[PDB]
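Written out below as structure tokens is the structure these notes cover.
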Amino acid sequence: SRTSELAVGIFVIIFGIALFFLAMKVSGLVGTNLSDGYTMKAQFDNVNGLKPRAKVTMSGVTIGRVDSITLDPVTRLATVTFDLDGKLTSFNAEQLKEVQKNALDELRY
Amino acid sequence: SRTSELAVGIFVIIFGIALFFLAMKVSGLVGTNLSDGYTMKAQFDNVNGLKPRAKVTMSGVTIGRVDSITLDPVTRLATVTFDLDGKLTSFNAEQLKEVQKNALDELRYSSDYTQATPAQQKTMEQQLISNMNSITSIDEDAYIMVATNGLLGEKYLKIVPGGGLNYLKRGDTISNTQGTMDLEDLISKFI
Amino acid sequence: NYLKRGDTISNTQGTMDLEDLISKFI
Amino acid sequence: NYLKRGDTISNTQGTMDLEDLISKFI
Amino acid sequence: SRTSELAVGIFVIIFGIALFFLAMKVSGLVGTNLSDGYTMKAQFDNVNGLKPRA
Amino acid sequence: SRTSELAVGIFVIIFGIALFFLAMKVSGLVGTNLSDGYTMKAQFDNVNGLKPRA
Amino acid sequence: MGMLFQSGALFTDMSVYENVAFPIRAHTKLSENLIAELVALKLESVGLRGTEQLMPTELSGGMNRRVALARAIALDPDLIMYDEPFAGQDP
Amino acid sequence: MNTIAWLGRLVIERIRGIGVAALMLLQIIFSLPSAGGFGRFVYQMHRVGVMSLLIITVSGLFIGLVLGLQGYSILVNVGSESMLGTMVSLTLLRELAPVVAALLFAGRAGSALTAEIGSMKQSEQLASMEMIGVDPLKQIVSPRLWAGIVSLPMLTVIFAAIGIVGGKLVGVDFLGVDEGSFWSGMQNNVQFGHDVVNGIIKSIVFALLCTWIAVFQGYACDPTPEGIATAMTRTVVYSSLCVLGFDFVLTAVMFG
Amino acid sequence: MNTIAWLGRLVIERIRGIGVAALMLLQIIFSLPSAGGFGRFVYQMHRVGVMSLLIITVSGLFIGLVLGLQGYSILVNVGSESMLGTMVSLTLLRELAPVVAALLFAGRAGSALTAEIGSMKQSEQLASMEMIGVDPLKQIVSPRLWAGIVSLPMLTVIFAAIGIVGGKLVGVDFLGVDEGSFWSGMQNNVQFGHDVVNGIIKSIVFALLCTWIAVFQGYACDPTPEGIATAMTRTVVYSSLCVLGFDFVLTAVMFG
């Protein structure tokens, strides 16, 4: 009745603990999330041992991942599609004037 | 009733052996799983340790496997037999139409058409019998070399395209190659 | 100038390793 | 001139990996 | 029905010990020699850490 | 009866193999145990990362 | 038709109240004040009525077949088969 | 040539013996759900799951400590023990949590399931239930199957988590490395959708073969209670040949 | 506070429950040898040893192949796979032949021993033998003990040998390394008196705890054949907590 049903409940708790411990203490699910991650493309020549789902950097710090990579067999060159953050990778509502002030001043100087 | 149990009971074991060959070849131990395969061959002077079943890349993307190593004792040059897959090499119909317009542009140029005789209308005509089949994305001078995969790891055949104006067949011999480089050969020049 | 959501970079640089490095010296 | 909690060290040095060192030498 | 019963025991122990020979073929305790493989020998000065049968 | 002494013999004979396979195909017992050995001793200043049986 | 299993076939996880009520609930839906009512009668018709609380365990083997008799007269069949009622028990 | 016929007639029986057991499996899952089966099922998961929880927790440690002992003794002369957090994790995630937690599950709940159904055939509760028409495949077997498919992947996760924590205990608290380094390398190598979710897909298709072979040998055993005890040791052989044999293939695949 | 008393009186019983079992063990080995016991013993080793030989041979391969698969997949990016012949051997010699061959032996002959004695108490052959005065400890138990102490170290050796040969098969015949560097990288690193003889001392003191706990639960079980089947799954829990627990206490001694 209630004697064993509730002692099933601590078993789901202990499994519930050690799934969180696998998901969000070891597995890279804490570091997979972007926000309006837009996509680019670039044309390489050497991608030796460069797997997909990597972690891209920009200036000493990570920004995001690499989505998928194929060859374009018309010009023999690598094609790399990759997720690019639209937040920390771009700007935000403060910085829009902060680049409007500098794209204007460095053009009309 | 028991003979239907020798009907089903054989079938599960037949389903178990026949699945295991599907789970073998996809991982890949025997029976390469790349589609539409066709074998090419090449010759090296030095393959300083290169196991069968190694990988071939075009600019990084895996495009085939190595079959075996043959040596010829009267000429002492190595010979590597390897297989490719054309789904990402060997142009399709639309990419077939970018090379005939290029052979009419680059090969049949204002100065390049009349390099032998100024009536080279057969130059696109002879090439088209080698273009619906027997056509590689690899150039007529694209040389193959042996790479190193980082700084420590298994060697792999890396193809360098670029340059040239004609193409090979499905099964030719790569006329320009390059052998490996050994650690003693590094310290020889450096010291 | 900068890039739109979806474009290409006009300057790339492929990876290098031991098979390229020693020839990259001289 | 010592520091308090939450202060800023105005002298920092970034990282230089192996690929910067090779191009530095040869 | 000896068409069925002993024929299973015929097939299995044929298939069983033939698999056991595959063990001794890869064991390094049975044979796997060469053929018409001549022998030379050389005289060196330094062999640093060379183990036999390399 | 004789059916028991047989199939317990075949268990020992397989065990006779896999002890010999460990003795003189894996662990060094066939490489060691030289013949007539004396003592030559020397003194160093630094022997870190040096073990017996070297 | 309901039968008797030589050694008595009790489910040693359900209660003795749950043994005899089981063929009713396996057959028909009734309200609980009737389903708990028919068991208190058929348990008296065998003479073991002060139960419905203890398990099939701690029932003496003599009392064991009598509950299995009550499950054999669950609803009210008209064809009960006995596989050796006299197992070799006491006289 | 007569003992040849005895061997021949034995493995002919084992093939048919399988073809019955597949028909019993398709007759269970392709059925409408019984009324109030959930209350039967949760009590069943209290029997198979929650009872086995202790013997896999304290066996989760001793696999972890020996991995935290030989994993240290190997890695010290090579010096590069930034792999201690990675060579505890990648073995425990990829093989020993699918493999060793199966051979301990076939031990306790793999073999206590074939006894409980082996006892129910002999006293003919299962025969008496059929005459009332409750068809005991849906009554006794089917909650004892679905409490085995669900409850094994809920155990290897608890096995792998307490294994990794166990490797950290004798590693950095009794021998000593840089805990930081540990966690770092640990989370900087182990993907989630490639390794953990592949570490559970192996632990589902182990839970099917370890329970369906277990619940079959209880149902299609015989009476005469030397007929129970010959069957409770017929699963534990037949499970462990099919745990490890089905591991290989799967591993090779999900690890070309 | 009553379920506290139920837990308290349960583990009080388990302690006493041990102190009986030690007294039964000292009463066996400190006895004069029975007349013609050797003919009883060799037939017993037929039952426990030779029967279990198949399930450890083909389980010797599948441990070897996965060691020959992950042992290759790890060692390729580091490149230095002169350790493939050493990282197949040193794990299989030190740990997995003492550990995994115990959990497979507790499975088959560890649990079929407690049934055969569990059946003999219930039909009262053991009671009838006492009235003739043949004292069944020396008649039934003692050949069923000495066929378990001798027959387990004769199995881990067969486990470790077919394991190493299995690692060589998928290593150099399907993936490919130097067949010279395998054994020459092996034979040099693996001492005999330090590794193999220490790999058998662990497999003796596993054979004692895995059989004496097994032959006890058959003798001191109860009748009522739900009393056999509760005991055949009381060893396989109690063995595997004491195989792995006594492993880790041992490997810290010889490989500190």
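Cβ placement follows ideal geometry from the backbone for every residue including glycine, while neighbour counts extend to all protein chains displayed. Only the coordinates and a few stated rules stand behind these numbers; no lab work does.
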Query raised in the report: In straight Cα distance, which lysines are under 24 Å from E:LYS41, not counting same-chain residues fewer than 8 positions off?
Result: E:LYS51
Query raised in the report: Given the C-alpha centroids of region I:38-78 and region G:59-77, what is the distance between them in whole angstrom?
Result: 53
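Output the pairs from A:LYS55/C:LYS24; A:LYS55/A:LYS87; B:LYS25/B:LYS55; B:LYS55/B:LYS155 with a Cα-Cα distance over 19 Å in this structure; if there are none, say none.
A:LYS55/C:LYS24
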Report summary line: Here the membrane-span-like helices of chain I, with no claim about any membrane, defined by DSSP H, Cα axial extent at least 18 Å and mean Kyte-Doolittle at least 1.0, are I:2-29, I:53-78, I:153-172, I:198-219, I:232-254
Report task. Could you size up the charge dipole of region H:79-139 around its Cα centre, putting +1 on the beta carbon of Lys and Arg and -1 on that of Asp and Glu, and report it in debye to the nearest 20? Result -> 80
Report task. Run down the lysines and flag those whose C-alpha is under 17 Å from the C-alpha of I:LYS168, throwing out any fewer than 8 positions away in its chain. Result -> B:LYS51, E:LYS25, F:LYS25
Query raised in the report: Between I:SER73 and H:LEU25, what FRET efficiency comes out of the Förster formula 1/(1 + (r/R0)^6) with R0 = 60 Å and r the beta carbon distance, rounded to 0.05?
Result: 0.95
Query raised in the report: In debye to the nearest 20, how big a dipole does chain B give about its Cα centre with +1 on each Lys and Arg Cβ and -1 on each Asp and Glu Cβ?
Result: 540
Report summary line: B:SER110 and A:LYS55 label points (each 7 Å along its Cα→Cβ direction) are spaced in nm at 5.6
Query raised in the report: From the square roots a ≥ b ≥ c of the eigenvalues of the alpha-carbon gyration tensor of region I:136-202, which class results: rounded (a/c under 1.5), prolate (a/b over b/c), or oblate?
Result: oblate
Report summary line: In whole angstrom, the spacing between the Cα centers of region B:3-25 and region I:153-202 equals 34
Query - Candidate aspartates and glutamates - alpha carbon under 14 Å from B:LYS169, same-chain residues fewer than 8 apart omitted - result: B:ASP83, B:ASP85, B:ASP139, B:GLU140, B:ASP141
Requested in this report: Using R₀ = 22 Å, calculate the FRET efficiency as 1/(1 + (r/R₀)^6) where r is the Cβ-Cβ separation of A:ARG2 and G:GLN53; round to 0.05.
Outcome: 0.80
Report task. Please report the base-10 log of the normalised intensity I(q)/I(0) for the protein assembly as shown, using a Debye sum with one equal scatterer per alpha carbon and no solvent, at each q in 0.05, 0.06, 0.07, 0.08 (1/Å). Result -> -0.46, -0.64, -0.84, -1.04
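How many Cβ atoms of partner chains, on average, are near each residue of A:44-56 if near means within 10 Å of its Cβ?
For peptide A:44-56, the averaged partner shielding equals 5.
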Query raised in the report: Which shape class, rounded, prolate or oblate, goes with chain B when its Cα gyration tensor gives a ≥ b ≥ c as root eigenvalues, a/c under 1.5 marks rounded, and past that a/b bigger than b/c marks prolate?
Result: oblate
Query - For the protein assembly as shown, with +1 on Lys and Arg beta carbons and -1 on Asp and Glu, the positive-most of H:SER239, H:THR86, G:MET14 along the dipole - result: G:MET14
Query raised in the report: Could you give the nm distance between label points at A:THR39 and I:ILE18, where each point is 7 Å from its Cα heading toward the beta carbon?
Result: 6.3
**Report entry** Helix-only CD estimate at 222 nm, as mean residue ellipticity for chain H, using -39500 (n - 2.57) per DSSP H run (n ≥ 4)
**Finding:** -24000 deg cm²/dmol
**Report entry** Positive-end extreme of charge dipole, region I:157-256 - chosen from I:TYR219, I:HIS194, I:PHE248 (charges on Cβ)
**Finding:** I:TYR219
Report task. Would you mind getting me the FRET efficiency between B:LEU151 and H:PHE174? Use the beta-carbon distance for r and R0 = 35 Å, nearest 0.05. Result -> 0.50
